[PDB]
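Protein chains in written order, with the entry's author numbering: chain F, 100 to 148; chain d, 2 to 196, 201 to 305; chain b, 4 to 213, 217 to 306, 311 to 331.
Encoded as structure tokens, the structure appears first; notes follow it.
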Amino acid sequence: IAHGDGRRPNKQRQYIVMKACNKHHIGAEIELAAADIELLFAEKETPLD
Amino acid sequence: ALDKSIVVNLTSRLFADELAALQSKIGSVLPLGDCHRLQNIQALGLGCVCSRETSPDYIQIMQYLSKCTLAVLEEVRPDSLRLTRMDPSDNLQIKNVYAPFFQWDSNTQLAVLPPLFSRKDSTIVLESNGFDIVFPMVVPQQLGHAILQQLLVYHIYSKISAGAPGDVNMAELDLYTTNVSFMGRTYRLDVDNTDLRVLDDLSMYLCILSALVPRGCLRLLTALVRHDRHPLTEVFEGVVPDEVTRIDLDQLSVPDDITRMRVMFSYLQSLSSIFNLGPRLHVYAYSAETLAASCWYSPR
Amino acid sequence: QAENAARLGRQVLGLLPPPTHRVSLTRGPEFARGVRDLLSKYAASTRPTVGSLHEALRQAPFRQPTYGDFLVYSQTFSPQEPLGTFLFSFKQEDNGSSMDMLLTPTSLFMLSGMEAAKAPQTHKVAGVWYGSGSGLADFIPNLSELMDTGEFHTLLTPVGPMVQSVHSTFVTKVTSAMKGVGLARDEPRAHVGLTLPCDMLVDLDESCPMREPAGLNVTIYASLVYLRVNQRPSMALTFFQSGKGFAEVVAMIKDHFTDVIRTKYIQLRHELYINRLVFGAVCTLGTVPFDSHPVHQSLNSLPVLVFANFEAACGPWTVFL
């Protein structure tokens, strides 16, 4: 404000504002037992399997 | 229309440790023995006169001060220093980076005094080029014409104790000299109980004056009778001490007194100019959070 | 509405400091055609005209002093002014952030406490500006003891003339001027000269033909004499005006303050106090042009001098004796 009084008038002003980001994390979990994965590779030897 | 800049070159680069000591300031007051813009390093300090192996002095600095030209930093590139020339009656900007710290104010008088304290406060050794730059001691004039005041007292009583022990008490001398009072504030300074030597040469003079001076005034009194004898000089018998006026001319003949009087005033004029002709300025605007002292150079 | 701002592009871009004259070499020998004010002797003719010497006045020397922006109470500094006074800057301790105390010379008479007929003119006038000489003495309780040891002449930094004063209820803004010729405010292009009361000035120039040469310079000084009246300490102020060099005036001031030296130093037969021995100081207040006539004025009556074309230049308080 340019006001005509005895209050000490001030020049131009300028601010510098400076951010920063964050990091976040997710961790899941899976049920796999090797008795399942064992029979993933053998096949055909009976119509049961 | 005119342009001014002073660019000092170096032979080599600098260490990265020294640049932090020369970004401690970015605007300060350098003396400079040249007026031209391309220049080797050997003049911008006070190492043109004041060095370690030399006997450090006050007067041979002070004679060199008023002859010298000031210049103000703007930038420290890793190779070359950039300066701004200090014209007569020119306005420019200072940052008050000096040691030991004193607080400034707008509308103070400023005398450029030579440093006389410990080395680490004033100088910065440039380890690259082997040359010492010395910064002058920017003190305001009311302080600068009183910071010398009690220190010069302190050097005189030190010479008394080292020849005669039972005459000066150290607790009296320490308490009254190194605690300079100003503004309502105090400033305790560095006493130098490390072993002084900057300020023998005034005390070399001022005592050898102070015996010659009262002996010199008796001959000046009884050698003036006219009716042009100035009317105030009748009064000043009441000022001169009574023991001073009890001296004959018996001990000193006529050829001895010439070696007094032709030499008497030769001290005083060598002495009066080194209390007065500091290259002096004034400061009209100041802010402690920015530390922006504000010169205008009065050549003097 | 940019037609308003198109005027701002005129005045700002025209009123700049002159740039550093610098030319790259691939243009060639053209640099000297940008050298104008280094000339002096222009082109006369038979009947010259504004159209023949508009170039001769287009060049102009570069002159501007710098100002001192102050914040004053409405008590030390009077609401009325003649706008061209003289100032000081009292200096004790930085209490406020921007809280400054100023002294006009008409005020500083009342701060002293001297006789009436030693300065008979302003004493009637300086009694209606301020109180009984005690509204200001409440601000410094050392005005007896600043007089004793001789520290008051150390605590005055003169400033010079005035330029502007916007006045409010308690706080007064004072735009002062050092270094030269302050541009005026209420009258544009005018130049606020320095004004002195006719009582406080004492000339040194004036003589009967009886001869001394002219020059460019004549220098207003500023005396300050510690006297003692009624066995109470009180200062004394006068002015000077003489284009005569520093070696002469110190030998001439002592003839003017002869009796003041003669009164006080009779008293030191029975006593001596080393703080009392200091007597006076002389500052340099700047330069005045030669043979510029000080035009007398009058204010409610108070005869007030003026100096056109005064330029300011301060100095140290060199003690004399």
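We treat Cβ as the ideally placed atom computed from N, Cα and C, and that holds for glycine.
Per DSSP, cross-strand counterpart(s) of residue i
i                      : result
residue 141 of chain d : d:111
residue 232 of chain b : b:241
residue 248 of chain b : b:225
residue 314 of chain b : b:200
residue 290 of chain d : None, per the DSSP bridge assignment.
residue 73 of chain b  : b:177
residue 321 of chain b : b:293
residue 70 of chain d  : d:33
residue 156 of chain d : Answer is none; residue 156 of chain d lacks a bridge partner.
residue 93 of chain b  : b:159
residue 133 of chain d : d:126
The alpha helix (DSSP H) enclosing residue i, as first and last residue numbers
i                      : result
residue 78 of chain d  : Note, residue 78 of chain d: premise wrong, no alpha helix (DSSP H); not H, not E.
residue 216 of chain d : 206 to 226
residue 136 of chain F : 133 to 137
residue 165 of chain b : Premise fails: residue 165 of chain b lies in the beta strand (DSSP E), 165 to 170, not in any alpha helix (DSSP H).
residue 152 of chain b : 148 to 152
residue 50 of chain d  : Here residue 50 of chain d belongs to no alpha helix (DSSP H), and DSSP marks it neither H nor E.
residue 53 of chain b  : 53 to 61
residue 123 of chain d : 120 to 123
residue 23 of chain d  : 17 to 23
residue 102 of chain b : No alpha helix (DSSP H) holds residue 102 of chain b; DSSP gives it neither H nor E.
residue 176 of chain d : 171 to 178
Among the options, the one whose alpha carbon lies nearest that of residue i
i                      : options                    : result
residue 117 of chain d : d:203, d:214, d:162, d:88  : d:203
residue 128 of chain b : b:254, b:202, b:70         : b:202
residue 326 of chain b : d:45, d:122, d:4, d:142    : d:142
residue 78 of chain d  : d:155, d:94, d:26          : d:26
residue 31 of chain d  : d:241, d:188, d:85         : d:85
residue 71 of chain d  : d:277, d:95, d:158, d:56   : d:95
residue 47 of chain d  : d:201, d:226, d:62, d:277  : d:62
residue 205 of chain d : d:159, d:173, d:191, d:219 : d:159
residue 87 of chain b  : b:238, b:249, b:225, b:177 : b:177
residue 28 of chain d  : d:305, d:125, d:151, d:299 : d:299
residue 127 of chain d : d:275, d:255, d:11, d:101  : d:11
residue 233 of chain b : b:52, b:182, b:269, b:227  : b:269
residue 83 of chain d  : d:102, d:37, d:108, d:58   : d:37
residue 150 of chain d : d:69, d:81, d:105, d:183   : d:183
residue 98 of chain b  : d:196, d:172, d:106        : d:106
residue 287 of chain d : d:254, d:201, d:110, d:261 : d:110
residue 130 of chain b : b:311, b:245, b:174        : b:311
Local conformation of residue i per DSSP, three classes
i                      : result
residue 157 of chain b : helix
residue 290 of chain b : strand
residue 271 of chain b : coil
residue 184 of chain d : coil
residue 256 of chain d : coil
residue 240 of chain d : helix
residue 5 of chain b   : helix
residue 7 of chain d   : strand
residue 128 of chain b : helix
residue 279 of chain d : helix
residue 186 of chain b : strand
residue 143 of chain b : coil
residue 62 of chain d  : helix
residue 85 of chain d  : strand
residue 249 of chain d : coil
residue 198 of chain d : Placed between 196 and 201 in the numbering, residue 198 of chain d has no coordinates, as chain d goes from one to the other without interruption by modelled residues.
Residue i, enclosing beta strand (DSSP E) - first and last residue
i                      : result
residue 115 of chain F : Per DSSP, residue 115 of chain F belongs to no beta strand (DSSP E) and is neither H nor E.
residue 108 of chain b : Residue 108 of chain b -> not in any beta strand (DSSP E); alpha helix (DSSP H) instead, spanning 108 to 115.
residue 32 of chain d  : 30 to 33
residue 179 of chain b : 174 to 179
residue 298 of chain d : 297 to 303
residue 95 of chain d  : 92 to 96
residue 329 of chain b : 328 to 330
Residue-chain proximity (residue i, chain A), Cβ-Cβ < 9 Å
i                      : result
residue 175 of chain b : The structure shown has no chain A; the protein chains it does contain are F, d and b.
Cβ-based neighbour list, residue i, same chain, cut-off 7 Å, excluding 5 preceding and 5 following
i                      : result
residue 230 of chain b : 156, 241, 243, 286, 287
residue 45 of chain b  : 56, 59
residue 193 of chain b : 187
Residues near residue i in its chain [Cβ-Cβ closer than 8 Å; skip 5 each side]
i                      : result
residue 154 of chain d : 178
residue 135 of chain d : 46, 47, 48, 51, 116, 123, 124
residue 102 of chain F : 108
Cβ shell of residue i (< 6 Å), same chain only, five flanking positions each side left out
i                      : result
residue 65 of chain b  : none
residue 285 of chain d : 112, 303, 305
residue 206 of chain b : 247
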